[PDB]
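I have placed the structure first, in the form of structure tokens, so that the comments after it can refer back to it.
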Protein chains: 6
Amino acid sequence: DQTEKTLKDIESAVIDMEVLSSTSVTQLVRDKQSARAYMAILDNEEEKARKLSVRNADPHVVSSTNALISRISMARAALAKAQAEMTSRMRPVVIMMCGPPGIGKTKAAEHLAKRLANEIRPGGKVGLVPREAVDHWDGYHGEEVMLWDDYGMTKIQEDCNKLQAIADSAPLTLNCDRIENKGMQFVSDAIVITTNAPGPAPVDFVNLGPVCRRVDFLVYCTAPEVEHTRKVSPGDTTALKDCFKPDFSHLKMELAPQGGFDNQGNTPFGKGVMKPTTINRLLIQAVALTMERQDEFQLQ
Amino acid sequence: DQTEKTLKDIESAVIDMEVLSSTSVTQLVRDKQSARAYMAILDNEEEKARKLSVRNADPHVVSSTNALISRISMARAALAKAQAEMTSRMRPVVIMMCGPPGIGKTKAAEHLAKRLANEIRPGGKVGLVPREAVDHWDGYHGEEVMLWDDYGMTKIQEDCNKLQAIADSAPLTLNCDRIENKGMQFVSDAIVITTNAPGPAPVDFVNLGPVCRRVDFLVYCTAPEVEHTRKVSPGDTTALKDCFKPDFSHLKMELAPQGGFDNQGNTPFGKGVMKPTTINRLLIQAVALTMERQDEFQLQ
Amino acid sequence: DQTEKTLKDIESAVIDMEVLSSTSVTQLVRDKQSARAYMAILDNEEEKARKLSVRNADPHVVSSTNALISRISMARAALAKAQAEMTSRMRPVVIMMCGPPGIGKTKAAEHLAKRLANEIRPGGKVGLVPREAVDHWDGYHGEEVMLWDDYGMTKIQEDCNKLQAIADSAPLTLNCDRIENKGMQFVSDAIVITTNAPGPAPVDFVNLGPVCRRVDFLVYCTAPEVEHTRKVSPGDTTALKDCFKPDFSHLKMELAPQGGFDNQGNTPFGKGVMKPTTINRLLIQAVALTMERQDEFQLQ
Amino acid sequence: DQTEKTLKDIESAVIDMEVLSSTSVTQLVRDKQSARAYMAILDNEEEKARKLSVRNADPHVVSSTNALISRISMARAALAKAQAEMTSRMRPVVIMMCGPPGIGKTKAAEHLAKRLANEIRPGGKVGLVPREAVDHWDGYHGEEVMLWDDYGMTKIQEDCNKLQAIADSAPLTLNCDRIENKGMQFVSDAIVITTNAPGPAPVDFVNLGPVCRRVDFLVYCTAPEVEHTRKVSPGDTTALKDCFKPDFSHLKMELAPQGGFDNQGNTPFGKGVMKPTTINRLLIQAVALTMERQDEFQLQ
Amino acid sequence: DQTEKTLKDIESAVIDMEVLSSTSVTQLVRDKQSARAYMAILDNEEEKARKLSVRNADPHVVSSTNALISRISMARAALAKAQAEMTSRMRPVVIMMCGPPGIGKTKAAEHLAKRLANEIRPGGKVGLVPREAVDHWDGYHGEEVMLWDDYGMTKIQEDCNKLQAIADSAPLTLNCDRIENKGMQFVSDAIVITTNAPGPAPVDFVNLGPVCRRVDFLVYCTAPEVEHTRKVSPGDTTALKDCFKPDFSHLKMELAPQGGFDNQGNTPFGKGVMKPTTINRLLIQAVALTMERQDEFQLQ
Amino acid sequence: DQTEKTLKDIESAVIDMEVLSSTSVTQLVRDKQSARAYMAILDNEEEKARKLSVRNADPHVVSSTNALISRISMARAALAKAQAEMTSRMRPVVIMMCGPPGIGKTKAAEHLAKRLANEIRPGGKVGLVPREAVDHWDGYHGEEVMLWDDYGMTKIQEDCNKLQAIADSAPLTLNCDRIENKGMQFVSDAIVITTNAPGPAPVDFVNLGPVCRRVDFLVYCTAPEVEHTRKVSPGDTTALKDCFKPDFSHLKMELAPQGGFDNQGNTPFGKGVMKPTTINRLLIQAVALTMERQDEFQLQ
Ligand SMILES: Nc1ncnc2c1ncn2[C@@H]1O[C@H](COP(=O)(O)OP(=O)(O)OP(O)(O)=S)[C@@H](O)[C@H]1O
Ligand SMILES: Nc1ncnc2c1ncn2[C@@H]1O[C@H](COP(=O)(O)OP(=O)(O)OP(O)(O)=S)[C@@H](O)[C@H]1O
Ligand SMILES: Nc1ncnc2c1ncn2[C@@H]1O[C@H](COP(=O)(O)OP(=O)(O)OP(O)(O)=S)[C@@H](O)[C@H]1O
Ligand SMILES: Nc1ncnc2c1ncn2[C@@H]1O[C@H](COP(=O)(O)OP(=O)(O)OP(O)(O)=S)[C@@H](O)[C@H]1O
Ligand SMILES: Nc1ncnc2c1ncn2[C@@H]1O[C@H](COP(=O)(O)OP(=O)(O)OP(O)(O)=S)[C@@H](O)[C@H]1O
Ligand SMILES: Nc1ncnc2c1ncn2[C@@H]1O[C@H](COP(=O)(O)OP(=O)(O)OP(O)(O)=S)[C@@H](O)[C@H]1O
Ligand SMILES: [Mg+2]
Ligand SMILES: [Mg+2]
Ligand SMILES: [Mg+2]
Ligand SMILES: [Mg+2]
Ligand SMILES: [Mg+2]
Ligand SMILES: [Mg+2]
């Protein structure tokens with residue numbers, strides 16, 4: 001087997017990456033894309049050494065693989081420790097879609113999320129925001145984008161509290177149950193949310209302003225053809241199946257002023273104007289805002 | 001020796017599974033039948049290796065078997081990881097039977113669940129939905145079909161919340177008390193439910209629309225001969241014992257318009273009509289809908 | 001010597017048992033008596049193996065016994081898995097005794113439960129139902145008969161919920177507080193209940209019909225001599241102790257039509273008549289019904 | 001060395017005792033004295049074996065000693081299981097002292113409890129019932145006698161329910177919070193209650209008769225001398241000291257009819273007569289009743 | 001053989017630290033800056049030893065490094081023991097910023113915390129206070145400044161209890177979950193807090209006075225231009241963002257009397273007056289107070 | 001071999017200690033000072049053994065050190081068993097201080113605690129009692145004096161329960177998390193408590209008298225000059241500092257009647273008179289009382 005040459009190559013890779021990491025850890029952690037790439041490369045080298053050890057029974061290969069796993073673990077631990085000491089995080093981009101039941105919010109949100117995660121980085125991931133009745137985050141791995149379906153189904157005050165905690169630039173600790181997950185932090189870039197409620201928070205809620213100002217895009221949706229069909233021919237499934245289109249052109253979307261809390265233009269401070277929009281335009285605006293915030297956080 | 005022959009066979013099988021996983025993973029997880037076959041093959045190879053190891057004590061044999069077990073576990077973990085990060089799931093098929101007490105709903109539900117599980121896949125398995133007194137999902141193993149009896153017995157609103165959560169195409173994390181089951185999800189293909197309440201949810205409930213649209217087949221059951229005999233010959237066990245047939249002829253079934261909530265054909269949006277049905281026709285329709293949805297999920 | 005032949009016999013027993021299990025696991029689990037007998041034989045084998053291992057001291061016997069107990073545990077685990085995969089259980093036989101205070105319902109119920117447990121299976125056990133202030137089932141082990149000493153004392157509607165849950169053929173999950181007890185279900189064959197209330201449920205309760213149909217035998221008890229003795233000469237302990245009898249002749253028993261809720265013969269659907277009865281006749285009838293149900297559940 | 005010979009001796013005793021447990025499980029679990037002595041000897045043997053193990057240095061003797069320890073552990077577990085499988089328990093002897101404040105019934109109750117505990121078994125323990133504030137029983141240790149001070153106090157419905165639960169011959173399970181405390185029985189033999197209430201339960205309580213029948217000795221206590229001293233010489237400490245006596249002769253006690261609930265001799269069924277008594281007659285009668293019940297249960 | 005020479009130098013440094021520690025543990029404990037520098041040097045040396053051990057593979061270097069780290073751990077444990085027995089600590093300096101939402105409290109607080117952490121020590125760190133949903137302090141590493149964002153968002157009274165416990169000179173033990181972190185204490189020097197509430201505690205609170213006196217600098221903030229722009233042009237993101245400045249000139253700050261609880265000058269024991277302040281005046285005053293307290297504690 | 005001679009001398013000293021303890025178990029277990037001195041001597045022997053092991057590690061020397069540490073462990077286990085088997089242990093002296101907020105109670109309490117610990121024994125330690133947020137005692141080391149601050153801040157009921165449990169003369173077992181700590185006894189001579197609430201318990205507490213009787217010294221504090229200044233100059237911090245003297249002469253201390261619950265002299269048994277006191281006078285009286293209590297416990 002060509003074990004010696006691959007071992008030498010991975011040795012060179014790990015040593016050069018070790019020195020590179022040791023150089024400027026502070027700027028590296030403030031550079032999100034570079035750090036993510038470095039972690040991915042470390043994982044690739046680790047799994048490659050693991051499989052190389054697995055397929056060979058030579059004790060020398062096993063010892064070398066153990067040494068390389070030791071080195072890679074040390075580097076990953078040092079970088080993770082530097083990242084935990086940070087005192088700020090980027091402010092995530094939050095999109096919240098409100099509309100009647102059965103019109104297509106969930107599948108549109110899935111499309112938006114995948115497009116965004118691809119745009120931020122090739123190989124980006126989508127994660128799940130645990131909902132009420134689950135109080136820990138042990139399924140979380142720090143993905144680029146997060147999905148939150150049925151926000152406000154029941155217990156909307158707790159939904160507001162979670163949203164205020166995570167939609168911010170101040171660091172945050174997350175409750176976990178497993179021993180090795182204690183002391184985890186929320187470091188995702190974007191959040192997409194679907195709800196049936198009339199807004200982010202109730203109009204009599206104490207923290208109305210704090211939660212409303214944290215939503216970057218607040219979209220209100222309808223679908224006239226779906227609703228008309230369901231109204232005139234109840235129980236007919238083929239017609240309704242015909243009312244939906246593969247480019248989401250059945251959804252009619254309006255956008256509210258940044259910081260609003262209903263579909264009439266009211267914000268906690270003044271009155272603005274609603275404006276029509278589509279799903280491509282929303283994707284373009286969201287991508288632009290994400291890149292802008294990323295650049296300004298790098299320059300911070 | 002036959003032992004080394006079986007060892008070579010299982011080595012070839014694990015090599016085939018490894019190369020299949022390495023080639024493509026997203027297309028494999030998007031193909032539910034192929035992924036399940038993959039899992040079955042890996043489980044059978046693991047069990048055969050374990051029993052063969054137990055039947056002997058040769059150091060070389062145990063070493064080879066432990067290495068093979070490690071490789072099998074690695075492949076299984078990789079597939080599990082790929083499935084955990086899916087952004088969508090197939091929408092389950094949900095049947096809810098309402099009717100007066102004592103007439104035979106639970107038996108019909110078990111018949112339907114067995115046949116459905118076998119038709120979806122040879123060796124289907126049916127599982128249990130925890131009821132309102134149990135708040136954790138330990139004891140769920142990703143079953144093809146799930147059975148849920150006494151829906152709305154005391155706490156119909158928590159049952160409504162649970163049903164809305166699980167019946168969807170949005171991935172979901174379940175609450176479990178063991179550490180090793182932490183952050184697991186719901187991946188079932190159908191749910192069969194029996195009820196004594198007038199419908200899926202109260203007419204004054206807030207999430208009436210969201211809950212009703214998620215019910216695929218709403219069946220209303222009666223049994224006139226049984227009710228007559230237990231009315232005119234109370235306390236007589238034998239006359240009542242004689243009113244049940246081994247093919248469910250005693251049950252008389254009506255089907256409501258998809259999205260309704262009562263006997264008279266009312267829906268949240270319109271006013272449709274009822275339709276007489278039988279248990280076998282209902283089964284054929286459920287199989288047809290399950291196949292349609294599975295093909296669409298594989299394509300999308 | 002004795003150890004060699006004993007371990008050879010144990011090996012033969014375990015191998016033939018493994019063959020039988022592999023052959024007809026499903027038949028066994030559907031055949032209650034055979035499954036119970038095989039489980040008891042496995043318990044005997046494990047106990048004998050551990051005793052023999054402890055008695056002697058040398059590597060050969062200890063290693064052989066360890067392997068044997070491991071294989072026995074694997075067989076028991078596979079059988080338990082198959083038993084947990086079932087879609088149905090046998091409907092338990094339920095007896096409820098209602099009468100005025102201080103006449104001897106508890107002693108009679110213990111007599112009945114002991115006789116029933118002995119008849120269902122030589123060496124059967126009797127367990128306890130967590131009454132009302134304990135919400136967990138961590139003492140439950142899967143006994144033949146269950147004893148419910150007070151029912152409806154302080155919260156009768158919660159008692160009705162629990163009785164509806166456990167008196168069924170649908171598989172059930174039990175709430176437990178220990179880690180190793182998570183995902184436990186109810187498999188007992190008979191339930192004897194003593195009460196101080198008018199009937200199984202309040203007359204205006206909402207689930208009267210569901211809970212009253214599930215009581216096989218509803219007995220109303222009295223003791224005219226005891227009541228006369230304590231009404232004419234209050235405070236006399238000697239006369240009271242004189243009143244009772246070792247053969248339970250002091251109790252007079254009436255039987256209501258099945259599905260009734262009071263002692264006037266009323267049922268939720270009709271109106272029957274009351275019958276006289278005794279403890280021995282009750283025991284004979286209950287054994288007959290239990291064997292009938294066991295045979296019919298097995299023959300499927 | 002000598003460690004051989006001694007081992008033989010001690011181990012023989014172990015197995016010897018095992019024999020008298022194997023053939024007499026019913027008797028040992030029936031009578032508390034024999035089982036208590038058996039446990040005492042078993043733990044003495046375990047301590048002796050630990051001492052020998054720490055003293056000894058031969059691998060063979062420590063192997064034998066740990067084998068003996070395992071044998072002791074399994075025997076103790078068997079005894080515990082047989083005890084936990086009981087379908088009945090001995091009925092407690094319950095004394096209730098009804099009297100106004102500032103007469104000295106708490107010290108009298110402690111004296112009675114101590115003498116009873118010594119009589120029932122030498123060097124017995126005395127425990128405290130949870131004080132209507134903790135709903136769990138974590139401190140409980142199965143004491144011979146239980147003392148309940150200030151029964152009632154505006155929370156007498158819950159106290160009535162608790163007394164009905166514990167004063168019985170049916171097995172009971174207690175609510176706890178610790179993992180190892182789950183599923184705990186009740187095993188005490190006598191209860192002494194002191195209260196200011198006018199009886200065991202309110203005259204309108206639903207469970208009046210059931211609660212009244214379980215009280216063995218209901219004694220109404222009065223101290224005319226102390227109340228006279230308070231009337232004549234308020235704030236006089238020397239007179240306060242003078243009124244009390246070391247022999248409790250200052251307490252005037254009326255014994256109520258068996259099963260009564262009032263100081264006028266009223267009973268839920270008839271009318272009786274109050275009698276005069278004292279501390280020593282009460283203690284003698286309690287001891288006699290306890291011995292009667294204990295032997296009756298032992299032979300059954 | 002430079003590795004041996006550097007290892008000998010490290011050993012000499014370890015011996016120097018060992019002899020230094022024995023000088024006076026009590027005074028070194030009293031001197032916080034010296035203790036922090038000593039621990040920093042110790043951990044840096046140990047990390048260097050471990051890294052150079054990882055670089056090499058010969059037994060000699062690893063053995064020498066194990067001995068050196070054993071000495072290092074001995075010293076670290078001795079100093080930890082000395083530091084754990086103290087009966088007093090120093091009072092942290094507490095800054096609390098109160099103002100309307102969205103004006104820049106969190107970013108100003110981050111600025112202040114960074115500057116103050118560097119001012120206290122060259123290279124000091126900032127850490128995160130656990131919030132109401134997280135229950136354990138496993139992310140705490142004894143950092144020199146602490147951040148607390150969103151104080152009193154949901155449960156203000158629990159926040160008051162926590163702040164009263166941590167702002168004090170009495171030693172405090174912190175709840176945690178990992179075993180090795182059982183029994184660690186709070187040792188930070190400064191705390192920076194932001195809130196939307198109108199003061200440290202609600203006026204009707206039982207512990208108003210105890211909590212108010214523990215806050216050293218209470219600042220009330222307002223940004224009139226930001227409020228004007230967001231009121232006149234609701235939804236104009238660029239116009240609003242043009243109002244924020246890199247020198248925090250947009251935010252106007254008034255300092256309240258030591259011990260006050262609102263912005264009208266009121267104190268629990270009287271009424272004072274408000275004064276104007278800025279970022280740099282706050283920073284200089286906080287540094288002066290911190291240095292004063294550190295010196296006074298040193299002398300004590 | 002000087003190492004062998006030193007090890008033999010240490011072993012002979014250990015054996016002498018064992019024989020002295022065995023022949024004088026009662027005195028060692030009773031006299032607190034004797035037990036502390038014995039523990040310190042054993043700790044010194046352990047330190048010498050560890051130093052000897054560092055000096056040499058020959059296999060014979062290793063075995064000798066193993067035997068020495070085994071002897072020391074035997075001594076520790078014997079002492080622990082004797083103390084656990086002890087019927088009772090000396091009860092501590094409680095000094096509770098109450099007063100307005102921010103007058104200097106914590107610093108005075110620390111001063112008094114240090115002085116007491118030094119008086120009772122040279123090099124006497126001081127410990128911190130866990131507060132409400134912590135429920136485990138893993139940081140307890142059997143200190144001479146315990147210090148408790150902010151008693152009754154949030155959990156006055158649970159604080160009262162802990163005060164009743166802790167001052168009792170019966171043996172008490174402490175909760176702990178780590179496996180070794182499990183089985184931890186409480187042994188300490190004095191408890192100094194600083195409070196903001198009036199009196200040890202509220203006037204309506206059912207166990208008011210029982211918890212008051214556990215308090216030996218009850219001090220009420222007032223600092224009239226500090227209060228007047230902070231009333232007249234709310235914001236002047238230097239003026240506030242001017243009022244505190246390094247001899248604690250700014251405090252005014254009153255002492256309440258034995259058993260009292262408030263500062264007006266009222267007692268459960270009547271009423272009394274307050275007295276002036278000072279910190280040194282209180283210290284001398286407390287030392288006298290603790291010495292008398294220890295003497296009477298030892299003499300028996
Ligand atoms: N783009 C689409 N292509 C095909 N079918 C669609 C599409 N969008 C919606 N549907 C159909 O409409 C159903 C509604 O799906 P969802 O997107 O979950 O609706 P919804 O708006 O989330 O409803 P709520 O508010 O959660 S009750 C789907 O299950 C499909 O049957
Ligand atoms: N197909 C059948 N064959 C034989 N007996 C039957 C059949 N269906 C019902 N029964 C009998 O009728 C009883 C009715 O029980 P279930 O089937 O559980 O009725 P149900 O509709 O679930 O009533 P509820 O709503 O749960 S009270 C059964 O327990 C059997 O004794
Ligand atoms: N078979 C019997 N032999 C001897 N004494 C008996 C017998 N049956 C009842 N007794 C006596 O009568 C009492 C009645 O006790 P229980 O059996 O508990 O009566 P009960 O019907 O359960 O009353 P409730 O409803 O539980 S308050 C017993 O405690 C005995 O003293
Ligand atoms: N025989 C006695 N010997 C010595 N002191 C006694 C005696 N009887 C009463 N006393 C005193 O009387 C006091 C009254 O206290 P308790 O005995 O608790 O009164 P009590 O009857 O319990 O009041 P209640 O009903 O619980 S409020 C005791 O604390 C003793 O000091
Ligand atoms: N100094 C600044 N430099 C640049 N942008 C700023 C600055 N201050 C505020 N902003 C912007 O305004 C937003 C206000 O954020 P925060 O500082 O978190 O406000 P806030 O005072 O904490 O509001 P609350 O109380 O948390 S609702 C920031 O997220 C930035 O987008
Ligand atoms: N002897 C002293 N010398 C110097 N400053 C003192 C002295 N006593 C008190 N002070 C100051 O006054 C403050 C009062 O704090 P504490 O000693 O904690 O008072 P306190 O009695 O504990 O108040 P509470 O009840 O905890 S709110 C201290 O933090 C010091 O700043
Ligand atoms: Mg949706
Ligand atoms: Mg049913
Ligand atoms: Mg009873
Ligand atoms: Mg009393
Ligand atoms: Mg903020
Ligand atoms: Mg204080």
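By convention here, the chains of the structure tokens are called A, B, ... in the order presented, each chain's residues are numbered starting at 1, and ligands are numbered starting at 1 in the order presented.
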Q | Exercise answer, chain D residues close to chain F, 10 Å and only C-alpha atoms, as a list in words | A |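 For chain D, the answer reads residues 54, 150, 235 and 237 of chain D.
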Q.
Need to verify the contact set: residue B:117, 10 Å, only C-alpha atoms, exclusion of same-chain residues closer than 2 positions in sequence. Can you return it as a ChimeraX atom specification?
A. /B:112-115,119-126,143-146,189-190,287
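Here chain A was fitted onto chain F over its full set of C-alpha atoms, and the resulting RMSD is 1.3 Å.
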Q) Separation of atom CA of residue C:172 and atom CA of residue C:89, in Å? A)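 One can read the atom CA of residue C:172 to atom CA of residue C:89 distance as 9.3 Å.
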Could I get the residue neighbourhood of ligand 3 at 9 Å, counting only C-alpha atoms and all ligand atoms, as a PDB file with C-alpha atoms, in the first residue's frame?
ATOM      1  CA  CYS C  98     -68.279  -2.106  45.668  1.00  0.00           C
ATOM      2  CA  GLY C  99     -69.840  -2.057  49.119  1.00  0.00           C
ATOM      3  CA  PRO C 100     -70.260  -0.162  52.395  1.00  0.00           C
ATOM      4  CA  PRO C 101     -67.234   0.303  54.656  1.00  0.00           C
ATOM      5  CA  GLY C 102     -65.843  -2.218  57.096  1.00  0.00           C
ATOM      6  CA  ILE C 103     -67.334  -5.439  55.730  1.00  0.00           C
ATOM      7  CA  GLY C 104     -64.269  -7.181  54.279  1.00  0.00           C
ATOM      8  CA  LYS C 105     -63.817  -6.254  50.619  1.00  0.00           C
ATOM      9  CA  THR C 106     -60.021  -6.012  50.899  1.00  0.00           C
ATOM     10  CA  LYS C 107     -59.543  -9.484  52.423  1.00  0.00           C
ATOM     11  CA  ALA C 108     -61.909 -11.076  49.899  1.00  0.00           C
ATOM     12  CA  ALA C 109     -60.120  -9.308  47.044  1.00  0.00           C
ATOM     13  CA  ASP C 149     -57.141  -1.370  46.825  1.00  0.00           C
ATOM     14  CA  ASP C 150     -58.693   2.103  46.819  1.00  0.00           C
ATOM     15  CA  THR C 194     -62.078  -2.537  45.688  1.00  0.00           C
ATOM     16  CA  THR C 195     -64.154   0.631  45.968  1.00  0.00           C
ATOM     17  CA  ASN C 196     -66.340   2.665  48.342  1.00  0.00           C
ATOM     18  CA  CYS C 221     -71.291  -6.617  48.418  1.00  0.00           C
ATOM     19  CA  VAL C 226     -71.925  -7.231  60.742  1.00  0.00           C
ATOM     20  CA  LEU C 240     -67.666  -7.788  65.798  1.00  0.00           C
ATOM     21  CA  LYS C 241     -64.819 -10.304  65.644  1.00  0.00           C
ATOM     22  CA  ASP C 242     -67.465 -12.990  66.166  1.00  0.00           C
ATOM     23  CA  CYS C 243     -69.441 -11.843  63.125  1.00  0.00           C
ATOM     24  CA  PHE C 244     -66.866 -12.598  60.416  1.00  0.00           C
ATOM     25  CA  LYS C 245     -66.221 -16.061  58.980  1.00  0.00           C
ATOM     26  CA  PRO C 246     -63.197 -17.870  57.499  1.00  0.00           C
ATOM     27  CA  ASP C 247     -65.134 -19.037  54.411  1.00  0.00           C
ATOM     28  CA  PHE C 248     -66.413 -15.552  53.490  1.00  0.00           C
ATOM     29  CA  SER C 249     -70.052 -16.460  54.142  1.00  0.00           C
ATOM     30  CA  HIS C 250     -70.576 -13.113  55.888  1.00  0.00           C
ATOM     31  CA  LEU C 251     -70.495 -11.352  52.492  1.00  0.00           C
TER      32      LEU C 251
ATOM     33  CA  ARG D  91     -52.336  -3.709  60.265  1.00  0.00           C
ATOM     34  CA  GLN D 164     -56.595   6.362  55.267  1.00  0.00           C
ATOM     35  CA  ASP D 168     -54.493  -0.361  56.303  1.00  0.00           C
ATOM     36  CA  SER D 169     -53.516  -3.953  55.573  1.00  0.00           C
ATOM     37  CA  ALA D 170     -53.113  -3.497  51.816  1.00  0.00           C
ATOM     38  CA  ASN D 207     -64.699   9.457  54.036  1.00  0.00           C
ATOM     39  CA  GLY D 209     -66.542   6.114  58.305  1.00  0.00           C
ATOM     40  CA  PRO D 210     -63.484   4.768  56.496  1.00  0.00           C
ATOM     41  CA  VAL D 211     -61.211   7.104  58.477  1.00  0.00           C
ATOM     42  CA  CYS D 212     -62.939   6.500  61.816  1.00  0.00           C
ATOM     43  CA  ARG D 213     -62.812   2.700  61.634  1.00  0.00           C
ATOM     44  CA  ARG D 214     -59.010   2.720  61.334  1.00  0.00           C
TER      45      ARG D 214
END
**Q.** Distance query residue C:128 at most 8 Å, only C-alpha atoms, self and fewer than 3 positions along chain excluded, as JSON, numbers by chain
**A.** {"C": [140, 146, 147, 148], "D": [171]}
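Put simply, atom CA of residue A:217 is 4.7 Å away from atom CA of residue A:95.
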Q: Please measure the separation of atom CA of residue B:139 and atom CA of residue A:179, giving the value in Å to one decimal.
A: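 Interatomic distance here is 22.5 Å.
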Q: Identify which of the residues A:193, A:47, A:165, A:118 lies closest to ligand 7, counting only C-alpha atoms and all ligand atoms when measuring atom-to-atom distances.
A: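 Among the listed residues, A:193 lies closest to ligand 7.
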